[PDB]
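Asker: Below: one structure in structure tokens.
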Amino acid sequence: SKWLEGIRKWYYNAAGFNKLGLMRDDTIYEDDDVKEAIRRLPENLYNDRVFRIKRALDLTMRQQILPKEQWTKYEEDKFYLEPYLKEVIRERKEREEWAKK
Amino acid sequence: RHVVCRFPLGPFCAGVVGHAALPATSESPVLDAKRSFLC
Amino acid sequence: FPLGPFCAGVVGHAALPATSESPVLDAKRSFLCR
Amino acid sequence: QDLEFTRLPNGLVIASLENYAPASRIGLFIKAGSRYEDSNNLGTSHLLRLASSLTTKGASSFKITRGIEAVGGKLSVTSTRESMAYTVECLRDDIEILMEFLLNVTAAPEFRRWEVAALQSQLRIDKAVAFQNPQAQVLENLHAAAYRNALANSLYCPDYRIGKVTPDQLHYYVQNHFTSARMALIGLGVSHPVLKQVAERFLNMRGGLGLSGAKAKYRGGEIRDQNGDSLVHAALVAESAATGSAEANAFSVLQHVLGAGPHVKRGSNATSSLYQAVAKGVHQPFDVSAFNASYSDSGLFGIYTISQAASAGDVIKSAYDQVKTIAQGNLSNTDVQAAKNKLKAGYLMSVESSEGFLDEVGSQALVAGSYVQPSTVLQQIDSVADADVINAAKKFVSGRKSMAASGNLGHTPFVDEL
Amino acid sequence: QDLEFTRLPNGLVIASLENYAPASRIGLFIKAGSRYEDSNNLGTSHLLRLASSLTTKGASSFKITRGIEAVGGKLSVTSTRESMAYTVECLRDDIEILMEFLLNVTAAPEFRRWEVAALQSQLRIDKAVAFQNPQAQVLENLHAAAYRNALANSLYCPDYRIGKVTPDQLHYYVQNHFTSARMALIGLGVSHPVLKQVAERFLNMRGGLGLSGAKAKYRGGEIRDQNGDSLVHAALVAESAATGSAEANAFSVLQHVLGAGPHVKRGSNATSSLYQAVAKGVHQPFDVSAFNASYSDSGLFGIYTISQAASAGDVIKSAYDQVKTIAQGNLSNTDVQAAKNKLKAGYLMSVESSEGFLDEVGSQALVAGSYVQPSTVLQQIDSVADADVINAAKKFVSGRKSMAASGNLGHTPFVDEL
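Heads up: the protein sequence lines correspond to chains S, W, H, P and A, in order. In terms of full-length UniProt numbering, the numbers along the first sequence are unbroken and rise by one, the last being 111. In terms of full-length UniProt numbering, the numbers along the second sequence are unbroken and rise by one, the last being 76. In terms of full-length UniProt numbering, the numbers along the third sequence are unbroken and rise by one, the last being 77. In terms of full-length UniProt numbering, the numbers along the fourth sequence are unbroken and rise by one, the last being 453. In terms of full-length UniProt numbering, the numbers along the fifth sequence are unbroken and rise by one, the last being 453.
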């Protein structure tokens, strides 16, 4: 577990969404399931996601990175969208299974 | 007889048609009957 | 006759519809909150 | 067979009658409705009525709807100020699946924010559809004027609350009013042990005797709506009696003496006293019926009149004068007997259908905790004496009046003038 | 110069004061309003107030608007339940043009169908803007509850009539209620002969009293909105003396004694008896005032309270108890003297501005014909005795009361309880 966690942390730091202040779910591709999951998000989380994304986009516009103190830590990264996305994918899978037979 | 349906003058029989979710509501004798014969 | 008639005027130029009601309070409500 | 009436230890009544019919109907009657609501949570009952198909812990909304359609069954919620009924109907073979769905709906509701937010729009559409008949608006305003609290609450969500009903309020309503002691499970076409098994499987968790609303207080006020419709719909009512009392039966007999809803299509309602009394004075189109609404803690009796705007006052006063006539003692024994016959036939015809029998059994179980055979109800009906009908008319005439009228109120009378 | 009052043979009243000021204000006061609307034509007065710039026989809408703007003038219509006032303000040099426009608007309306249809939308916008303040709806419902007749009619068109007001109805209202006997032309900064000339020029036609509205009849009803607003607005009123009566002056003195409006910004309203009587009981934000509205046929006096939903009953009961205390005789001579000082200063300050003086002159001319100098009004105020105020409070306490409340209304008392 510790070895897998170390490699995962290495990948997390190697990817730069932490540097821009973004969390992992902020970087997910907005497919239809992800769009519905975002639609279902509570207002506070949706607004926090919107501001984080806007700040990241502004930083990339000026080709800058957030100060190292403000980088998102691997421990504190919270997968807010994952439960809603899981529920959405479960509903889609149920509908597809019903369609199959 | 312990229901507003006991009064059959029309308990407002205001239910809406539906399938797998049809909500209905009733109040009590509502008149509106036999006035329809004349505009 | 009305102390606080709160006549519900409408901002206008060349056509200003104003309607007047009688004293209706609200004078000191802003003192505390809303 | 015969109806099997059992009170489980938790307080849940399960009643089953095996009619050996192709279709089985099972309905859960809950003692929750507009009455069991306060100013803060007004309109929750309406959204609960419209929220039957929403996701539950056991099954998703997709599963509920698709499965109920797949078996061809129907899930319906019928709401009354004092009661809310969830009824599932399907063929005898597939009853168990719909029972699982129904118990999931009633006992394990997951009011997810997005799904509840979606349903908020349906409240306005449902209210618009219901209010297309003006008598619904008239009756809602009548209940508002008659009672200060409890029964005054409308069966439809208030407009200011159309989009502001919260999932937390629905959860609170379900938890504090959907309780075992306030529930009755009545099934036609199913065995008693199966119903007991289902009730034990699902409804057991909720504790009985939940939050109880205040007793209804009689406001005795008038609510008038000027909407410009050509026909004025007005109802003058007074506090009559609670359901199950002898005075309630006397008031029902009075309702049929004055004239309940018409019998002959395109008929003149000749036997109805109110219709003839109004016709003698008013020769324009008109409609007059006796309004009797009986609720657990109180009841309303009065005259409902639909009339042309100019002649509305004449119709109202004439019907009131006929009721006064009855109060003064001008009641024939033959008319009382005819009213009794009509009442008994009405009860029998109401219980004729599967839906009627299910509703009646559930209402009796909730109101009284027991089932009365139709013969006993008929014996109660014939027990009524003419003097009791006259006394009920006296109570209506003397009592404070609450009136609600809608239309071109114009020449419509006020309660004080009446 | 001094105010000049002339009653013409046609019945129109012309008044002018030459203030020798840079601006001249000319106003035509007509004894028309919501009071004179019947049920069929409800809301016509609202559209007539809005339809002051529509095409007239003399001038088009384009001409009226562009010209009044070009001279920098203003055309304003102010409507009360018993009165409508058309006023034009501009520099003295250009007064003739605006006077011609005003007389064209008042006496030669065309009410072309397309423009009337266009203006019907503005009814909803004006009603919505006015109803942003809760006091507007609270007072409209208060007048509806108090009176069963003309005075109940709202100053804003009923919603069902928003698009149903017809050009024929506007023509009928103008013809039967815009008449010389009901009109007064009051001018500030304008010489009397010029006003007389213009009045001869345009107001010669449509003479006579015109259609007469019925006397207002007290209804003693309650209307409860239940709009869910955080703060409950409640008014409790009882019938009072008509305008220009001794009991009316006694009621005004009583209104000031109980407490009318703040005199010191962000102050505790120490002089106001109601405010501190309520304040001792309730420590939450609150507001209380005396509602005195006097009309020719009758008037209403009572208490208007803005309070938190939970504490509405405490506020209302405390204000009513203070009024009862005044009725019981616990009124000091010093309090009456202070109220008289406040009332006289209020009248003088109200007449200080040109708009206030024009309004006062028009109101006096329409209600009582002649103009009474401010000294006479102050003497009338002085004449009122303490016993008169006590008797007015006794009349309020004894009389049948009407209540209109808006807000959560869960704890707002009903009229019977109060």
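Idealized CB from N, CA, C, for every residue including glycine.
So which of P:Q261, P:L158, P:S405, P:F392 has the shortest CA-CA distance to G445 (chain P)?
Answerer: Among P:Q261, P:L158, P:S405, P:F392, the Cα nearest to that of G445 (chain P) is on P:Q261.
Asker: Count the other CB atoms within 10 Å of the CB of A295 (chain P); is the residue buried (16 or more) or exposed (fewer)?
Answerer: By the 10 Å Cβ count, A295 (chain P) comes out buried.
Asker: Under the assumption that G108 (chain P) contacts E131 (chain P) (Cβ atoms under 8 Å), give the Cβ distance between them as a whole number of angstroms.
Answerer: Not quite, the Cβ-Cβ distance comes to about 11 Å (not below 8 Å), so this is no contact.
Asker: Going by the beta-carbon positions, is the gap between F40 (chain A) and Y406 (chain A) smaller than 7 Å?
Answerer: Yes, they are a contact pair.
Asker: Just curious, the beta strand (DSSP E) that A61 (chain W) is in, first and last residue?
Answerer: Residues 59-62.
Asker: Is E85 (chain S) helix, strand or coil by DSSP?
Answerer: Of the three classes helix, strand and coil, the one that applies to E85 (chain S) here is coil, per DSSP.
Asker: Give me the chain P residues within the contact set of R105 (chain S), using Cβ-Cβ distance strictly less than 7 Å, ordered along the chain.
Answerer: Here the neighbours are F97.
Asker: Could you round the C-beta distance between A374 (chain P) and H298 (chain P) to whole angstroms and report it? I think they count as a contact, below 8 Å.
Answerer: The pair is not a contact, with the Cβ atoms about 12 Å apart (cut-off 8 Å).
Asker: Is the Cβ-Cβ distance between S88 (chain P) and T79 (chain P) less than 7 Å?
Answerer: Contact flag unset, no.
Asker: Just the chain P side, please: which residues come within less than 8 Å of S265 (chain A) by C-beta, in chain order?
Answerer: By Cβ distance, chain P contributes nothing, its closest Cβ being about 12 Å from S265 (chain A), past 8 Å.
Asker: Which residues bound the alpha helix (DSSP H) around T214 (chain P)?
Answerer: Premise fails: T214 (chain P) is in no alpha helix (DSSP H) and is neither H nor E.
Asker: Please go through the same chain and pick out, in chain order, the residues whose beta-carbon is closer than 8 Å to the beta-carbon of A277 (chain P), but skip the five residues on each side of it.
Answerer: Counting only Cβ-Cβ distances below 8 Å, and skipping sequence neighbours, we find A283, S329, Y330, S331, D332, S333, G334.
Asker: Of all the CB atoms in chain A, is at least one closer than 7 Å to the CB of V67 (chain H)?
Answerer: It does: the Cβ of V67 (chain H) has a partner Cβ on chain A nearer than 7 Å.
Asker: Taking 7 Å as the CB-CB limit, is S437 (chain P) close to chain A?
Answerer: So no, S437 (chain P) is outside the interface.
Asker: With distances taken from CA atoms, which of A:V386, A:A281, A:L383, A:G404 is nearest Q415 (chain A)?
Answerer: Ranking the options by Cα distance to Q415 (chain A), first place goes to A:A281.
Asker: Who are the near neighbours of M134 (chain A) in its chain, counting only those whose CB is closer than 7 Å to its CB and skipping five residues on each side?
Answerer: Result list for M134 (chain A): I61, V123, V233, in chain order.
Asker: For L38 (chain P), I'd like the list of residues in its chain whose CB is within less than 8 Å of its CB, leaving aside the five on either flank, ordered along the chain.
Answerer: Closer than 8 Å at the Cβ level, and outside the excluded window around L38 (chain P), lie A50, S51, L52, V396, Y406.
Asker: Can you name, in chain order, every residue of its own chain whose Cβ lies under 7 Å from the Cβ of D417 (chain A), other than the five neighbours on each side?
Answerer: Excluding sequence neighbours, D417 (chain A) sits near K375.
Asker: Taking contact to mean at least 3 C-beta pairs separated by less than 8 Å, is the region 348-355 of chain A in contact with the region 172-192 of chain A?
Answerer: Segments in contact, no.
Asker: Within 10 angstroms of its Cβ, does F321 (chain A) collect 16 or more other Cβ (buried), or is it exposed?
Answerer: It is buried - the Cβ of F321 (chain A) has at least 16 other Cβ atoms within 10 Å.
Asker: Quick one: does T447 (chain A) have its CB under 7 Å from some CB of chain H?
Answerer: By this cut-off, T447 (chain A) is not an interface position.
Asker: Grouping DSSP H, G and I as helix and E and B as strand, with all else coil, what is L63 (chain A)?
Answerer: Three-state DSSP puts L63 (chain A) in a strand.
Asker: Check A439 (chain P) in the structure and name its three-state DSSP category.
Answerer: Three-state result, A439 (chain P): strand.
Asker: Which chain S residues sit within Cβ distance under 9 Å of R127 (chain P)?
Answerer: Simply none; closest approach about 25 Å.
Asker: Output the residue ranges of the beta strand (DSSP E) runs that lie fully inside the UniProt domain "Peptidase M16 N-terminal" (49-194) of chain P and measure 3 residues or longer, sorted by chain position.
Answerer: Complete beta strand (DSSP E) runs here, min 3: 58-65, 109-115, 118-126.
Asker: State the Cα-Cα distance for the pair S275 (chain A) and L47 (chain P), rounded to the nearest angstrom.
Answerer: Looking at the two C-alpha atoms, the distance is approximately 59 Å.
Asker: At least one CB of chain P closer than 7 Å to the CB of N168 (chain A): is that the case?
Answerer: Not closer than 7 Å to any Cβ of chain P, the Cβ of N168 (chain A) fails to qualify, so no.
Asker: Are the region 239-251 of chain A and the region 145-158 of chain A touching by the rule of at least three beta carbon pairs closer than 8 Å?
Answerer: Short answer: they don't touch.
Asker: If you reduce the DSSP assignment to three classes, tell me which class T447 (chain A) lands in.
Answerer: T447 (chain A): coil per DSSP, three-state reduction.
Asker: Would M438 (chain P) pass as a contact of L293 (chain P) if the rule is Cβ separation under 7 Å?
Answerer: In this structure, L293 (chain P) does not lie closer than 7 Å to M438 (chain P) by Cβ.
Asker: Would a C-beta distance cut-off of 7 Å place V358 (chain A) and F286 (chain A) closer than the cut-off?
Answerer: Going by C-beta atoms, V358 (chain A) is not nearer than 7 Å to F286 (chain A).
Asker: Anything in the region 190-202 of chain A with a Cβ closer than 8 Å to a Cβ of chain P? List those residues in chain order, please.
Answerer: Within the region 190-202 of chain A, the qualifying residues are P193, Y195, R196, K199.
Asker: What is the DSSP secondary structure of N376 (chain A), reduced to helix, strand or coil?
Answerer: If DSSP states are grouped into helix, strand and coil, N376 (chain A) belongs with the helices.
Asker: Confirm the yes/no value for this check: CB of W20 (chain S), any heavy atom of the ligand GTP, distance under 6 Å.
Answerer: The ligand GTP is not part of this structure, which contains no ligands at all.
Asker: Less than 7 Å separating the beta-carbons of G442 (chain P) and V267 (chain P)?
Answerer: Yes, the pair counts as a contact, with Cβ atoms nearer than the cut-off.
Asker: With three or more beta-carbon pairs closer than 8 Å as the criterion, would you say the region 159-173 of chain A touches the region 49-59 of chain H?
Answerer: Contact holds: three or more Cβ-Cβ distances are below 8 Å.
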